[PDB]
Every structure is written in C-alpha cells, then in structure tokens.
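Everything on this sheet refers to the single structure shown next.
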Amino acid sequence: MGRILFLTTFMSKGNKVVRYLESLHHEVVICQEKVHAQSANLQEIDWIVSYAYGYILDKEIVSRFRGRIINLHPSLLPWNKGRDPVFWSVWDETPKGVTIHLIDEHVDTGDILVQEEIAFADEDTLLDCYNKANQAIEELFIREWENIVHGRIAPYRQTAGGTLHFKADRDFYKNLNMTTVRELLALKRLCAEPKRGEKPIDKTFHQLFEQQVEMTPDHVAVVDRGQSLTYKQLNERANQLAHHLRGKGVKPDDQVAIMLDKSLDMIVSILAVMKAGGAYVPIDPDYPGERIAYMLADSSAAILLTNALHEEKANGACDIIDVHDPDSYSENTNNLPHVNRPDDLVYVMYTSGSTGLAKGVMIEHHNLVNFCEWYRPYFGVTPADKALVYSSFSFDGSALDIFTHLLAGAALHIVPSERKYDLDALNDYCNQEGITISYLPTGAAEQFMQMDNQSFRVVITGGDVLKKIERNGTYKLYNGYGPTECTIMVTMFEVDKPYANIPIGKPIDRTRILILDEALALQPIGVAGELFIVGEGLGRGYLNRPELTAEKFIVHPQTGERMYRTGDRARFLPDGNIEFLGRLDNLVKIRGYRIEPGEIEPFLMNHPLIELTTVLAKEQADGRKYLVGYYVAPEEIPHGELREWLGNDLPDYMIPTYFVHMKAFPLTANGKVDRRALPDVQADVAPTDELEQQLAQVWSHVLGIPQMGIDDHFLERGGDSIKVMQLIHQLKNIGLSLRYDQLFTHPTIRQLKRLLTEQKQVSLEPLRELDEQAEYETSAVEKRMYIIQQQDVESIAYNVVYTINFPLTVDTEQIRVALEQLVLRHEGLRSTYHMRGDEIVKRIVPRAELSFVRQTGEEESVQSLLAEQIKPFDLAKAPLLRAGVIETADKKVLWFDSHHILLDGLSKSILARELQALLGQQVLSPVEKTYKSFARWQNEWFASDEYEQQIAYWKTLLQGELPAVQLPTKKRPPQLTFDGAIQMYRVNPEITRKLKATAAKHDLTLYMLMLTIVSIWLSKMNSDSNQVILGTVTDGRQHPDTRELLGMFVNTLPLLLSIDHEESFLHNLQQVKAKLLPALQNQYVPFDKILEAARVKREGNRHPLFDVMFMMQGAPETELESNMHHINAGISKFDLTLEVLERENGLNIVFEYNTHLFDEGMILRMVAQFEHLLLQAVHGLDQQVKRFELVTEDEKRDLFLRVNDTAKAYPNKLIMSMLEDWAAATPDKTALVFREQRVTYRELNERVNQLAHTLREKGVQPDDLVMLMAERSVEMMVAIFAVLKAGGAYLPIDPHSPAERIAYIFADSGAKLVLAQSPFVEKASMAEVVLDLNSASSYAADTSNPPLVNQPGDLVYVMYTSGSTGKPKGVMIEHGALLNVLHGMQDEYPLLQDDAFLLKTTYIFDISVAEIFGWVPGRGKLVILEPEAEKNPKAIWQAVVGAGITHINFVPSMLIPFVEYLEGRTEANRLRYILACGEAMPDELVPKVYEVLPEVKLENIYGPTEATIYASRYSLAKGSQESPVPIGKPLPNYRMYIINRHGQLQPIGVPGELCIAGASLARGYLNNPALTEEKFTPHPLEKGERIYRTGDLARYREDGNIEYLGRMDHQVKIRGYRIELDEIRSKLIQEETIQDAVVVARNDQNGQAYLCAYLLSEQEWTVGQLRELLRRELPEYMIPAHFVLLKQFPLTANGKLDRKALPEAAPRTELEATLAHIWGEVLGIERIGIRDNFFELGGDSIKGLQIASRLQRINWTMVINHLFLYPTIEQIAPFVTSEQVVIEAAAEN
C-alpha cells in the first residue's frame, strides 16, 4: 500500500515491475519530465523508483527522501557508471550484472541494496544483451520488492573503483549495436592503439645517411651501366654540392627544383639538397612542357639543378646551377652542419593532372625516416643486396627504391632507358648484375612475372590492384598500398596463396588504418567503408592549398587525431589484413545495379589466354552507362567466347557489352594503367516484322537494354520476376495478353511470335469501378483472414510490423501528415469487416483517425518498445494500421503495424514508394481502381470456365496419396503452436552471382534453383524421399488493374515436387521447373478452395498440406523500401519457413523455426547442413544428387567423439585357459549350484576333460560343428566346455522342438556327431556316431588339461536365426567376438568372487551365452535354474534370495509378470544389475521396478544375434525418467552407424538404418554366401573390415544415445501420418478391465493398412467403448478399426509377445437438437450424433466459423478455439446457454 512515483525514460518502460506494483495495491505515477521541487509530482509520495532516468534530482528532493529513492542500474557497480552500461561492460571486458541501489547526493554511488551478475554469450548481440539485462533486473526488482519496503535488505556501501562514462562517449560507436560480442571484441583488439613504447626518431635522412657511410665507406653506393661510386665518394660529392648550394642561400623548408635523368648526378643533387637544408622537387624531363611549366610556377623553388640538355626546358625562370660545371661544386668534403629538424620538408611531389589540377604533396623528413626504419628490418636488406631505380624520380616509387636501399648499405643500379620498357633486357641485366630486391609497379611486375628470373629474392608491387601472382621465379611477391600524401606506402602484404581479392596487408610501424562510413563512425569487421590513415605516415599537406589540405587532412570531432582521407573503399578481414575493394567514385549504375567495374577484373583474368584486364564505364548519348573490358592477349578472343566465360560466374549486367583486345596497356610515368589513354571503338540476327519490332522495343523499355535480339533469352539479359510482370503490363498497353507462366515457356522472341500469331484470348475487361454502395463483397483471401482472426481474437500472428530509421532532421509532423494522406488516399486503409449473417462484408468509411504515437526512447530500447505496441486489431474498426515514432539519441525509429489482410509484399512496396514520394513534396495522382471491384470480379470469376480449368488441376493433382514430410524435430505438441524464433544465413555476393549465372545459363531463375535446393534438402532429411511437398507464396495479382492497389493479394500454393537422386542436379532442376510451371499457371485459386478440392480431412497438430514454407524476395524498388525492416514478434506461422532476400548483392536466408520443435543448436546445425548442400550443388551441377551430403565434417567428428570411438584392449586368452588357471588356483571354491549339487572347479574341470579327451580321440578338429540338445543342467555346461576344449563349436538344439526343424538344421549345417541326454537320444534318430551324455561311457580316464589348440578366430558357437522369413540360417560367431563382449560387460559390470550369476533364459538364444560364459572371468558361480521354474516367478525369486544372485538377464516381456508377482514383499540382497535385451523397454515400468526393488540398477541392452548377443547399453538412472527409452552408446570395441539408403550418415533426429561394426562381429551365415554378403556390406566410412546391416530403423538424440524405432520391413504410414504404435501402449495401465495389450499393423486387399489392437481381458469389451476410450486423447488416425478378445497372448521360446501368432446417438434437449440441425445445415449430414466429432464429418476451419455464424444468427457467441477443444456437441452444450441474461424493467403510474 502506498503511492510510488515511477520516473524513467518514457511511458511504457518496464511494464512488468509496474504491473507487479499495481498488483500489490500500490499506485504508480509514471513520469518522464524534470521533477520540480514544488510540484504535484512530489506531494503525497511514499516511494520513488528510477529506471534509466534521463535527469538528475535536486538536492532538496534527495534530502526530503532519504532512503526512499531506489535506482535500477543494469550493471555490476561500481563498474560501468553513467550512460550505456551494457555496451561499455561488453567493450571494456568488465564484470557485467545488474544492481538495485539507493540515490545519495552523489550520482551512482549510493548504498547497494541488491546486486547480481549476468553472463553474455558470444553469439548474442549488444541489443540482445541489453534486453536480457533489462529482463533480469526487472525480475530482480519483482522478486526483491517485498524485502525492501519491509526493511529486510541491509544496505551496504560500494567499493572504491569501477569505470565512468558519459553520453557522447558512444558517438564513436553508433554502428556497433547489431554486432555480437565476439565480433565486438575482435574489432576492439584489431583497432586498439599500441602501447606507449614506439619511440619516435629525432633524426633526419642525411644524418642516417652519414651514419651509414661512416660504417660502410668503401661499399659501392650507386652504379650506372659501367661507372659506379662508393659511399665515401658519393658522400664527399654530396657535401661539396650542398656547400655550394648553401653558399647561394638554401634555408630550411626551402624548395630546390631538380630536373635530371636517371644517373649519378640525380642522386648527387638529391643528397646535396637534403644536406643543405632544403627539400628537392623532382621534375621529370620526359614530362610535357605544360606540366614542367606548371611545376616550376607552382613550386616556390628559385634554384634549379639541371644539365645543359634539359636547360632550355626551364625557359629561364629559376637560378639554373649546372651539375656538370666544376665551379658549381665546392671543395669542402666534410659534412654540413646539421640545421634541419624531423618536421622539415624532405621532398615535394605533384600528383597526376587527370582529376582536376596537380597537387603539390609535401612530405616531412620524419615520414621518410620511419618508412626506411620499417623497410630495412622487414625485408632484411643487407649491404650485399642490389636495387633498381626503375620508377621515375618524380614519384614515391623511386624514393622507396633509393632511400630504402640507401639506408641499409645496399647498392642502387640505374636501369637503362633502352632496357626499361623491354623487360627481356631488364631481366638479362638483373641476372647479370644480380639484383635481389627492388620495387616495380603493378603493370610492370605483372608483365615481368612472365620472365624467367633467377636473381630476384624480394619483388614488391603496388599502386594498382594486383591480380596476377603466377610467376617464373623463386622470389617472394609483396603487395604494397599507400597514397602519395601518406609517404610511399602504408600497408604491406606477403602473397603466399591465390586469392579472389588480394589483400593489401597490415599497417607499418606508427601507422593505423580505420574503416569509417560517411558519418566518421567506426565500422565492424567485415563491413566496407572509407579508408582513413592515421599516424606518422601523414605529411604536412598540399602546397599553397590550405583549404584542400583541411578538407583532406581532417581532424576527427570524437577522437581528435589528424586523419587522412584516401577515398578508397576497403574492408577489414578477420585475420587482421585489409581487403581493397576499389574507389568510391567508380561505383556506377549499370542497368539498375550500382556495381564496381573492378570486381569484374579478376573474373576476366582467370581466362588462360588473358593476362591483364581493365573494366571501365563509358557513357552514350542516351545518358546510360555501359561496361567496356580491355584485355591483353596474344590473339583476339571472340565476343561470344568471353561472354560464355563470364556468364559462368557473373550475371548479365556484370558482363561488359564490349571487349577490346590490346597488345599492351599504356602505362604512365609511375607505371599504373592509364585509364584515360585507352582506345574506344564501336562495332560492325536482326528482326523484320512489325510485331517483332514492337516486342523488341518493349523489352528495351523494360530491361533497359538499347539493343535486343530475337534469340536473346529473357533471363540471360537481366530479367527477374518483377520486370516480367512489368513486361506483361507493357504488352497490355498494346492490347496483347500474356500470362506469367507463358513467358517462362516462351523465353525467345521467336516463341513469342509463335504464341501471338495463334489465338487472341485477350479479355479486355477493365476492373469496372463499382458504384457507391452501402455494403461491398469480399475476396476469398479476406474471407480466410477474417476466419483466422476471429478464431483467436487476441492473436497477433498475422500482424505485419515494419520499421524505418530516419535522421534527427526529419520532422515527425510531416511523417504524420504523409501517413494521414496515405490513409485518406487508399480505401483499404479506411475499410471495416463485418458479419451480416453467414457472409463476410466490407464497409467503406470516408474518414478515419490514425492512431499516431510519439515516444522518446533510446537506441538500446527499441525491440521491447515495439513489442509493447504490437496489439491485436479489430477488423470492425478503421483504420487497421498503427504508426509510432520513437526518438532515440541519434536517430528516429518510425514503426507501423498493420494486419496481414490489408498489407502484404507488393502493398508494402507501394506504400513505401508513396511515402517516399510524399516525404519529398511530390503530387500523387488519385487511384483509379479499388479493392471492391477486384473482389466483385474475383467472386464473379469463380463461375467462369478459366476458374474451372484451374481448379481441375488441383482436383487431379491433390486426389491421391500425398507424401508426408518428416523433419528432425523433438516431441511435437498436441496442438498447433506458433511460438518460434529466427536465424539468419548469409550467402556472399560471389556464390550469389554464381547461382544467378548458372540459373540464367541453364534457362532457370534463382527462385527455381533455391526451390530445388530446398526440395533436395528436405528429401535428404526424409531418408531420400522421391516426392516432397512444401508451401510457397506468389503474387496473386490476377487482375491487371490491381498493381497499384492496397490489400492482401498473395496466395499460397502447395508445390508437390519429385526428386530423383539417381539423376543429375540439372535433371532435377528441369523436373522442378516442369512441376512448378503448371502450378504457377493455376496460381489464382484460393487456398481454401485448394483445401476443399483435396477431398482430405484436417484435424491434428500438423498443418493441412505442408509444414515447410518457402518465400523469396528480389531487389526492392525504392530506396525507402530497402530501409524498411520487418520485425518479427517471435511468431512462427509454420514448422519451418525459409525466406530468401536479395540484399547487398548477396542472399539473406531467414530460417523462421518453431521453438517447441527446434532449439538453437539443431537449427544452427540445419543451417550449416543447408550451406554445405548449397556449396556442393553450386559446383556439382552434373554430379548426381545421391552424392550430396548434409552432415559436415565438424558434426561427424563431434558425433564420433560423443558416441563411437571406444577402443579398449581386452585379453585374447581363451575361456578354456582362464578356466584351467582358476581351477588350478582355487580348486575348493564353489562354481556350480544345482539344487543340492555344489560342483567346484576341480571336479568340473576333470569332468570336462574326461569328455574332451574322448572328443579329440574320436576325431574333432577346430571349426567343426558339434550339436547339443541337452536341457538346463550341469551336464549341459560340461558338454559345452568339452566341445570348446575339443576345438569345435557347439550348436544348441531345443529338445522340445519338432523333428522337422532339427532335420532342417542338420541338412543345412552338416554336423559330425550329436550329444544329447538319455531321453533325448531317440529324437536324434541315431544319425552319425551319437554319444549319450548321461551314460558313463565316452569318458576317458585322463583328467589332464588338453592342449590349447584352438585360436581366437575359430567358431565358439553356432546360433541359428529365429526364422522370421521362413528359412532360418545358422550364424557363425568367433571366439574373439564373444570374448570382447564378455570382457566389456565385466569391465562395465564387475562380477567379483563373492558375486554370482543365474542361468534363466533358454540356451537356444544368444542371451543365454552371456549367462553361460559370464561367471568364467571373475571366479564366480553359476546357478543352473531348473527348466520347470522357467515361467514360475516365485521359484525364481526364491532362488535369487537363496543363492544370492547379482547379475540377471531378463526379457522385457517377462519382467512385467516378474514384478507384478512381487509387489514389494520380502527383501532381497546382493542383487545389483538387471540386464534387459530383446525388445524395447517401456517407460511406465521403470518407476514401478524402482519402487519394488529400490536397490537395483536397470540396464537396457540391445543387440541382435548377428552382432554377438548385445551391442548397446543404457543405464536407466533411479532419479531420471526417459520418455523414449533408448539403447545407449555402443559397447567398447563397437561402432554403431545410422546410415541412409544411399550410404550417407544421418544427422540428429532423422531416422535411418542402424548398422554395427567392430572386431566383435560375427563371421556370417552358415552355408549361405548370398545372405552373408547382403547383410554384411562394406561401407565407405570404414576402409577395412566389414559392417553388418542390421536392417533396423532408429534415430539419435541430443546427447548421443540411439532410440530404437523398429524393424525396417514394417513401415507405419497410417492415412497420412507416421506415428509409431508405442503411444497407444500408454493407456494400458490407466485402464482396469484390460491386463496386457498389443497393436499390430495389418494389411488388406487394396493395400490400405488398418490397425488391430489385440488386448487381454476377462470379458470381451464393446468396440464402441474401446473407441470412445481412445478418442479422448488420441485422434482418429490412431484408433484401430478392429478389436478382438484373447485370454493370453501366445509366447515364444524366449518369452516375448509373438506378433505373428495372433488370430486375424440422438439429441435430447433443445440445445442438442439445435446444434445437430446447425451441423446438418453446414456440414451436410442428416443424422448428427451427440458424440460425433466436428472434424469427423468434414469439419474444416471454414465451416468451423460457419457454425459460429449460424450460432450468432441465433444470438450465440462461440469461439473457434473452444470448438478446437470441444468438437463434440456434448462438450459444446455447457458453453451456449451461458450467454443469456433476462433483464426486465418496471412500469407503474
């Protein structure tokens, strides 16, 4: 109780805590303005709560509210204080969290009441992190509010520390909100300034030159042809000339012009000017007279040093000092007094005079010094190295060549002018002199790479874009980048492998590169932007141009460092390198696409016959820009070959319309490719018919191509789905009618001529503007939307919300006026929907008030503020659109939300186009047509002939069995859920251009290609299904006069495609196209009509026809539409939606998945598999579809590490050896227990040897088959051990089996002797030397141990199969296979000496083998259970208590009785594990088993006979309950693979065929090579050994365990849903009159399978009651149709449920009759029962609301959700009479 003043940012901030306060009877006064000391906001206030408040309270307000002001700060105090806590916490890597504290006189330092921490994931963005922090702090304020008003929380002071930030501190980071934490940290690390350690150099260039000369005086400095000089002579000459220059008057920062050629005197004069104190200005004598005059006039140089040949080029403007005059050189060879400084100029160079006038770049000494100090240790320039002065001295190229080598002791070499251009002579000179390391420009290096050089060791290139690295030398290639204004180069990269775009490299020492947008803000890693250079590389600026210097060399307003603009578009790579993308002024619009020509260069140079490529943009008289490609080649390549080569990876608008063959590109003085000295030439089946000329003109007006040809494919000339429609529109301006599909079947002008010369079919019927009526009709789409909206009244699943971001200079009132004008313009924004009877009617309102909202939020507060505004709409009120403007701290978010019935895609485009037109002050013409006319026309068209022909296609296609796709989902909810999330996948522009080019070349679109990829992906996830089905969204614009109207026109189409894996990818593309063309031909059919024409019922937890949606959007029309972002409020309309968008020349694929079906890991793995499939199909066009795989290598390794890979070495000693050892060790220990016989180890060994010696004597070799048909007794074990010691394998035969099976086994195997008991000798018919087991004969007197002749590869026992097919075969198992399983079970389950083992199962199965040979290793005792106590549970339970058994192997069919006959009576002991193999263990028996015996462990085991008894184990914990009871990971030395029909690994969730491999695999089938080869097939996953195909269908889990589904030979396809018969078994225990049951899928005559639930009961139950009991929870496609009565299910030998031995109303009251009559009038059935299901008699969503309309016609409001819950008239009756209230009034006078 109290009155709380809630101060915050805006009105709706933190609605959770406000509602929590209002629920606790507390009044909340929301305010956002500044609170005055004496106002109405402070009078009568008990508490004050602040949540990101934008103001500061006064001192008196805090004084009058001590301990009453509670502040909420989403940060871990004292860290991150002020503004933007989460952002600076993620950036500065501080411990994050949330805090709820008090407010003192100081800000953000009060006593902390509550303080908690929070963790931020790496994949979460800053916005998601801020949302999570706000949610956590709101939950904390909700949870700890009753602890503050009650004084429970004890305030504590804060700690001294933390950080502090302000408001503008984030101005440098306004474009980093949509980035993740990992990307933000990477950007922080790769852009952090280095530590204060790089000390600057306080020395110039001449000082370092003198220091180097003093070290290596006699070393040769510069060489010129035949003459060379040393460092000493060069230094002396430079000193003399500098003395002579200083005698004239050379002062610091003064300019001295130099016009000399490449020789010694040039470098001499350069060094002299450097030592004298001035800066040398190089002027190339080869320059034209105009450029030389300009460089002489602009430069303030009064002294010129030139020869007598180039003297007249000076025109006598400066003091000429000839460098050949002896009087022009002094005599003092000593060095000049150093009077220079590092900030003084060293050289002044001019740029190119192309773009404007030449600019005098001023470079200081420290710039060059740093460049040389970086260039020397980086490449290791030794004094023995040689360089070349290749580039002219008027560029930085010569500087790097001269100074770089000159500052390390190298020897420069002057390249001859006769051998400069001729690269052959240059290579010869380099091989002669031994040049190691020098710089060459881009073109020169790319042309020199063809030369065979053997002396080069380091060749550096730069200036232009490097695209060729293939060379003929052993030297390293280095790419350099750097403008003239930033001292030669700034970044260097070492080329080591081919790249599609060669990066420029990392910056040098004391140099940094920034990627900034147009607003001087930082850009994330991977985003293009303008390049900025900072550091020591920057010079002084431009000569005599201070304005341009300040315009270029700028000062950042945020940081303050002096940066330089390079005007180049670059991008930051994640590895630290920088990728050059081109210039910012080269971006040209080529046929509606702003692209860069440079990107076309690496795709044209890939041709083997082309060396150099230059793509440029030229302008024609029409004003359009076209592309021209100049290529260097020895021979001219035709235009068609180049077009075909470029159309493989690039789209049509990226192919140059002209190609020019050149011998060599003209290079300038610096070596760059002259883009202005290129030659431009023009050129040299043409139509003839008037109609052909008209079609060519129309294609020219649409596609924007000046010349169109006849055989020119529309898709090969830049045509998408949009323009085609426009094309049709243009045709409808001439009178020709063309459909959407026909253009895809007639792509050439010849086929268009063939089509337009047959029939007319031109229905020139205008939309026919309707008159002013009171009520207008509605379309079927609007009818469907109204039906869906009235189903869930407060639903926002069909609310379309768009957001735009405008700058702070845009007025909100203007936006409001534009939106009001748009509402008053279109009638759709002024329409209401009503229900007059059973019809949905539309009413027009002439005026509607727009609900415009204006709020003041923040950048990080947008998602929650928009979600708070997403509220359901009322279709009976106008308008149906809400608009709001949220003013953040740097931009304004304009959001608008409408209903899907009024706004779709093209309507959104039109709205964006009109909004941009209104915001630009433009007059729009009134609309001509309305939605009402289209509705009338479409309602009247439903009775025409075209509608019948279009609906006949859907009636014929959707009449048979439809393929039911199955996605790897979790447990589907019982109802239709809509909660979902969205992931994003990015296809880079390269693969996008590749896909588009492939589609255009093979006569396809990108839409059809993506559709085929999605279909192949769904097929692969559906175990390579032949047919798939999925929904798509088209245009729906049926009438031509509807391309400029507002309203929902889109229609959904259920495409049913066929995928043939045996064919190639191109064949599947063609099949998908041929299946999509007729579907798009009949696209104008309502989805409700398609559902009704399917003749298929619909009532479940799945969609009607499809669960996968596929949508695609190309390029937007206007720029405002590109700025519109669609906001999703966590609503998934289907199970999985794939929305492709063509954005930023790349593809954005939105995966809209459901949360109850997919989490985050599964959807990420699915996106990865889709990416892998796309990458496989983009390169494997001719490859087969079955060769493609989904599961990537990472997921395979993860599954192999989590499931398989269990190599554990086990001893190879046979069981016979261990038995002999433990018998000779402990002879007096009990080994066998049989009623009163307690045979030890010694007596057993002797009795076994007495028979083994006789078997060896009567001829028994290894690998022989000895039959044994003895029952459970000591003699059986003795005979088994004797046969094992003899060498042969024992074959168990059931004595109670008929003679036919025994004779068949004897005929199939071929044994040599049969061992049997005394009553079982006659049954063997006395075959071939039979021996009695009970007789005293056939027992030798020798009791010694026979030699261990057997090997681990011999057969241990033979196990015939159960004979499910009819012909059983014996399985051959080796000793190693059994021994490995035994050792694995002993390691997982220790059977020590005090422990025991029971022999329960019959010896005619592999399960009994583990009991027989399990007590061997562990010195245990086996209790041979009597055969009479096999089915008696009491005797087994008593023997377990008596003998004290620890390990027991049970059957999932005998465990139920074994537990029911106990019910927890007496207590047992020593019992540990309970092994259960054979069938699937249920889940409703584990808790009962643990309640009966809470001192045992449950182990679900699985393994066929051919896999050596068991193969997989799973320990069911006592505290864990698993719904699907899995089989667990494989045992040690086991490998279980879930493969598919094509030999491909299945992912998580997708069911596949299980196979087992390992060293414990059986040999094969006895005397059956065909079946062995069929069941044991070699798999490519295991290069050696072999893998057994179990023939079962199972699936994995999230952890790695396998869930046994069922046998592959038994498919479950009931009607159209694939649900196993395991969920029906859950209602068995819930019932009382039925004991045990079973459900078996049966077949009839027509093939339609029908269920038949066999159950056991005391009496026969009514079929109607049995169906009513199952109808409560299970639907109709799961209830069996037949029910029979059985006393007890027949069991087999093992004790399992034999699946092959089984025998083959009226209404009362008034409301009931009313609902029955209503259903009879709507559904169309005469007699309506009181318990009949709504969906049972053809009840669709359409008729579901027809019932509600009929009810409302009788004044009854019924919700469709209530009908979905109560479909029975017996569950709808108690909800109708509750809407009648009799109210009367008084009347008396």
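Indices start at 1 and increase along the chain as displayed.
Every residue, even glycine, has its Cβ placed from backbone N, Cα and C.
Swiss-Prot lists 686-760 with the feature domain 'Carrier 1', giving sequence analysis as the kind of evidence. Per Swiss-Prot, domain 'Carrier 2' is recorded for 1706-1780, and the stated evidence type is sequence analysis. If you look up Swiss-Prot, you'll see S721, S1741 marked as O-(pantetheine 4'-phosphoryl)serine.
The expression tag feature in the PDB entry is assigned to 1785-1789.
If you take the C-beta of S1741 (O-(pantetheine 4'-phosphoryl)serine) and look for same-chain residues 6 or more apart in sequence within under 8 angstroms, you find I787, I788, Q791, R1098, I1760. Summarised by DSSP class, the composition of the expression tag (1785-1789) is 0 helix, 0 strand, 5 coil. DSSP assignment over the domain 'Carrier 1' (686-760) gives 41 helix, 0 strand, 34 coil. In the structure as shown, the Cβ atom of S721 (O-(pantetheine 4'-phosphoryl)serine) sits within 10 Å of 15 other Cβ atoms. Spanning 11 unmodelled residues, the straight-line distance from the Cα of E1704 to the Cα of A1705 measures 30 Å. Residue counts for the domain 'Carrier 2' (1706-1780) under DSSP (helix as H, G, I; strand as E, B; rest coil) come to 38 helix, 0 strand, 37 coil. A break of 8 residues separates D684 from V685 in the model, and their Cα atoms lie 13 Å apart.
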